[PDB]
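Structure, as structure tokens:
Please treat every number below as a calculation from the coordinates, not as lab data. We place every Cβ from the backbone using ideal geometry, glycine too, and count neighbours over all the protein chains shown.
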Amino acid sequence: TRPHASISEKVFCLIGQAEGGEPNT
Amino acid sequence: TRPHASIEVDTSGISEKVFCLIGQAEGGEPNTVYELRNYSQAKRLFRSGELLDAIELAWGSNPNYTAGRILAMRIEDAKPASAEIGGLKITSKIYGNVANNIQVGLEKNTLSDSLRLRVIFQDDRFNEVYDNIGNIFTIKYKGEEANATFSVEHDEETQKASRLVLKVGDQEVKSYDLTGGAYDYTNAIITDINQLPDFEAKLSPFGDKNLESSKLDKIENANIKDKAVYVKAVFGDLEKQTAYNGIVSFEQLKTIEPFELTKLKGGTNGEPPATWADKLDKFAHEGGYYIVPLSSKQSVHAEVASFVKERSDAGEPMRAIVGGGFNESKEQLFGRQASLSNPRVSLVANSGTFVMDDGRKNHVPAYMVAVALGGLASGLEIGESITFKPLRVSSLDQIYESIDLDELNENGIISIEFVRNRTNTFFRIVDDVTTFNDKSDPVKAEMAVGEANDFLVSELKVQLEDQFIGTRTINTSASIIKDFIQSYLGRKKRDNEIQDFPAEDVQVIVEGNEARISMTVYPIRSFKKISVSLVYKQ
Amino acid sequence: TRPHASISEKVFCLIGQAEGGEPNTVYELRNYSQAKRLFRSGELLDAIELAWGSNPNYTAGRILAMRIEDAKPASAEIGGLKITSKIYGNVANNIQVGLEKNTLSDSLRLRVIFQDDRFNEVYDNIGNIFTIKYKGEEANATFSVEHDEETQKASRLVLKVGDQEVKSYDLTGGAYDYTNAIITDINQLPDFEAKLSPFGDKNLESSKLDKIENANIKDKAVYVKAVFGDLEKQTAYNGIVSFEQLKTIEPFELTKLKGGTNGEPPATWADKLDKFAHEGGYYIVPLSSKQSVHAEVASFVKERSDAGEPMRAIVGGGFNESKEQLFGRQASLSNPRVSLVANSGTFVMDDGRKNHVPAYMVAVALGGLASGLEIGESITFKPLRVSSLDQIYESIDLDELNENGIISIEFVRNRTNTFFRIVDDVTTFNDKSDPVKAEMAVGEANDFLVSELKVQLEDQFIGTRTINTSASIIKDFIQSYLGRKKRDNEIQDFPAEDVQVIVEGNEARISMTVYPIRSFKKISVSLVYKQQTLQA
């Protein structure tokens, strides 16, 4: 991996359906 | 020499980017790149065939624009024509079959006890003679002893000249070392004989010889009272006579001997190579951008395409333009496209005819229209497109017309369109679409957008490098990166290299070991659809 | 001798095979012309001239050059002289010398020739140091010199008049050491006279007078000669050739010198690498070809590290080496402070010639760069100024060579211009989590810091005043040093709480922590293109 160039305090939560991402995390 | 004035009525030519051509032609030393800056230089490095007709086309495909400097390579392992005749290895500076026409001979002159050399070659009208070979200088002794001589002995380990000695009877009058010493150039002998009482030595008037003294030949006890005999040194005089000129060179295996005027042998272009990648490797660091191979073979098209992708992965963007055959069919073309559907490649269909400047109404294959096209595309300013530009082609051997110029262009194949008048040559090129399958993305799809991206990207790379990748200190967080990048983008908008950019839509993230950047740019590219509407008030 | 007018820190070393200079000595070169006066041809000279022109902006400092051949001076014993040349090696056989007798002076004349410098000046009226006369009416008068028989140096000079001795000149008992004292003192006499040579500032000693007696003199101007001493004074202090006397000096023809020889290729360089042990040259670039000498340089740098002195070696390998041949050097050259360079290319030398360059000399390009740069600065991504280079290795190859600890080179394309830059400051060391050893510039920052820290610990505590300096005092002194080094920004940060020291009789043990300046090696970008509106 030699060096290179490659080219709000109120947190908000959600919970619902989605076709992606592992659940329970 | 003396002060003077000169006027050459130079026949040269009868600009930013560089253009690369690899093809077949019958001259020039093989497997080394050349830079061509002048057509009249190409007619002299090379001689005949596609590589030269390609260059004569590339630098004339448009009456106002023209290609930059050209890099060339020959696709042949041409041997040089040579022979062993006499005690000399004769080798021709030409590489290829053409060199077999060369003729060399030697004859000895009685009136000067020297050789006369003749070299002849037909196509360059070269037929000249060199005479008095040897004769490097004379001596006459002037003392009044009965009969005096001189001698010149070799270094028996190397056949180089070792001493020059003057003998009056049995007495060594004088002597000089020739294995280097004071007398490395013959000039010092020409003083140090004359300045003695009993001897004088003088040069021949035909040119300054002044050879390196180790090149004389072995002689012993030659009378120089009854005669003004020559010192000979017959081989090393050939370099002073002929080295800087002409077509032939001479090398020693042994004694030099006369021979009849005889032809050479072994000038062979050889079989064409079964693969082009090994020689294509040499363009990797010569600074090209646009490359075209001068052949219809499908293996060459796949090797060049894979080569361009390998270069693009290693910091050097490149692009290939390819043609195929003599008037190919749709089935053949889409067969070539489907096998070669990667970006940074563009495929051309038509095969044209060009009025070549000899007066030569040349019917020309598709991979040569790709030269004419690639030459024009390379010469223009960065970010312009071949889109709707005219080409100086004479006529086309073609199938494709307006409805086909939907079909082919929609599938990513370029073609030239016939417009009946006023537009300079009646012919303009419809698009700059690449061979990549998916047309939705313009950077991949359309050549000019890519060609503007590739150099813009390199500049962002190079400027970020020394400002940050140098790692001069960590105490320069991500807020400074936003300052540098907005300053950088502000220059590109001012310099017209981009259309516009939003300044307050830049996001930077950093973790000390790595920085992450996000930015948006609004690109600049040629118009392609003009929808102008008309209304009135009746 | 009369008053008249007429018209960086990191020291660098070079050592290799070229023509010229004394065998087994180090020379402090500081300009191009000084180099060409010392050496004549060889890769050492290209390396020197490359060091001060690998980059126009960054350039090396002082150059310590060594020419590693057991060379001999060319000599030939002829006439009455131990003729010897100053220039050791093969080249000196090209010298020619002759001593011609010249009759109007009744002297010798010297001509020395050497073709590469076309030297060819002449030294004339050799001998003939001064002239003598007598005026008086005495019919018989004469001059003589008599010698110390144990050395045949002259010990008396005498004048006779009227067939008896007049006066002694005591040629070791005063001012008569120098010939002038005889010429003045004769000029004080009533009727004896003498005049100095019109040929120049001879002022030779009387010790080197030649054997001569009963020179009949009155109506004459006879020369005293002193030939050998005149040869030394008028010639030995200039030019290529040197003379010593064996046997009497007399004329002989123009002839070559002989036996000048370079010797055999050096088998071991270690006992000649001892000459750098006190000049402190930090970077060293051996031009040695073979892996055997690279291991010797590696052993040498390790031995100087154990001695306390920091040094680092940059090395190259062959022509057209493959990855694996370079891995076989990397494994056999394992220790840190040794830096392996890959490719072999070409450079545009002083001549304007397209010189081919092996990796042994391409190493000099990085050595000239790292010695030019500021201390602690990284060699990474700086230009290299190379005309052509066997450099087909691609981006994935750079990662493989770099990970394995092999310095590589890259082609980079600007807008229109191009240039070649060096892709990482890595060493030949294995461990990825130890940047003090894995990164040349970090090791350098550590070395130069430690060279000062050692000395300031000596001056403070091995003043040896008393054991009563308890560990709290050492704990304070480390705070002073870490504060002074933070002030000059040589360290990023340090935790002042983490200084622990224990003292036991004459022995102390120390521990601490330092935040070194962190790098910024990787940058990633996410570049997006969007449509846009512009309107009336």
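Each label was represented as a point 7 Å from its Cα along the Cα-to-Cβ direction; for C:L453 and B:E260 these points are 8.9 nm apart. Enumerate by residue number the trypsin sites (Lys or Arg not before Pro) in segment C:457-521 meeting two conditions: DSSP loop (anything except H, G, I, E, B), and at most 16 other Cβ atoms within 10 Å of the site's Cβ. When the trypsin sites (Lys or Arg not before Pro) of segment C:457-521 are filtered for loop state and at most 16 Cβ neighbours within 10 Å, C:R465, C:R518 remain.
Among the GluC sites (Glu not before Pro) within segment B:375-433, those in coil by DSSP and having at most 15 neighbouring Cβ atoms inside 10 Å are B:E381, B:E401. Backbone phi angles across segment B:107-121, fed through the Karplus curve with coefficients 6.51, -1.76 and 1.60 (θ = phi - 60°), yield HN-Hα couplings of 9, 9, 8, 6, 6, 9, 6, 9, 8, 10, 9, 9, 10, 9, 8 Hz in residue order; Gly and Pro are listed as x. Put a dot 7 Å past the Cα of B:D495, heading toward its Cβ, do the same for B:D170, and the two dots end up 9.0 nm apart.
Per-residue ellipticity at 222 nm from helix content only, as computed over chain B with -39500 (n - 2.57) for each DSSP H run of at least four residues, stands at -6500 deg cm²/dmol. Checking the cross-link pairs C:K72/C:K258; C:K208/C:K256; B:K79/B:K265; B:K389/B:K444; B:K140/B:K202 against a 19 Å limit on the alpha carbon distance flags C:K208/C:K256; B:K389/B:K444 as lying beyond it. When the charge dipole of the protein assembly as shown is built from unit charges on Cβ atoms (+1 for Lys and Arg, -1 for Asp and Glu) and taken about the Cα centre, the candidate among C:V122, B:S299, C:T84 whose Cα reaches farthest toward its positive end is B:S299. Segment B:108-160 and segment C:377-450 have Cα centres lying 60 Å from one another.
Ranking C:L257, C:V227, C:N187 by Cα position along the charge dipole of segment C:149-305, where only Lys, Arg, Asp and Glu carry charges on their C-beta atoms, puts C:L257 farthest toward the positive end.
For segment B:190-238, which chymotrypsin sites (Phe, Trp or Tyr not before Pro) pass both filters: DSSP loop (anything but H, G, I, E, B) and at most 16 other C-beta atoms within 10 Å?
Details: sites: B:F199, B:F206, B:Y230, B:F235; in loops: B:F206, B:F235.
The qualifying sites are B:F206.
Bridgeable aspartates and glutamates around C:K153 (alpha carbons under 13 Å apart, same-chain partners fewer than 8 residues away excluded): C:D170, C:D177, C:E205, C:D210.
Mean partner shielding of peptide B:504-517, defined as the number of other chain Cβ atoms within 10 Å of each residue Cβ, is 3. A simple spin-label model places the labels of C:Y178 and B:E144 5.7 nm from each other, with each point 7 Å out along Cα-to-Cβ. Taking amide H positions as modeled 1.01 Å from N, with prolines and chain starts lacking one, the residues under 5 Å from C:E205 and 5 or more places away or on another chain are C:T179.
Between B:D278 and B:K89, what FRET efficiency comes out of the Förster formula 1/(1 + (r/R0)^6) with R0 = 25 Å and r the beta carbon distance, rounded to 0.05?
Once the sixth-power term is evaluated, E becomes 0.30.
For chain B, DSSP calls about 80 percent of its internal beta bridges antiparallel.
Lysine pair count for segment C:398-527 with Cα-Cα distance under 20 Å and sequence separation of 8 or more or different chains is 9.
Centre-to-centre separation between the Cα atoms of segment C:47-63 and those of segment B:471-496: 33 Å.
For segment B:233-310 and segment A:1-20, write down the distance between their C-alpha centroids in whole Å. Rounded to whole Å, the Cα centres lie 59 Å apart.
Rounded to the nearest 20, the Cβ-based charge dipole of the protein assembly as shown about its Cα centre (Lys and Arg +1, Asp and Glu -1) stands at 2380 debye.
Need one word for the protein assembly as shown: rounded, prolate or oblate. Basis is the Cα gyration tensor (sqrt eigenvalues a ≥ b ≥ c); a/c below 1.5 gives rounded, then a/b vs b/c decides. Because a/c hits 1.5 or more and a/b fails to exceed b/c, the protein assembly as shown counts as oblate.
Other residues lying with their Cβ under 12 Å from the Cβ of C:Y58 contribute a combined charge of +1, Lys and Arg counting +1, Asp and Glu -1.
Once the C-beta distance of B:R44 and B:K361 is scaled by a Förster radius of 30 Å, the resulting FRET efficiency is 0.75 to the nearest 0.05.
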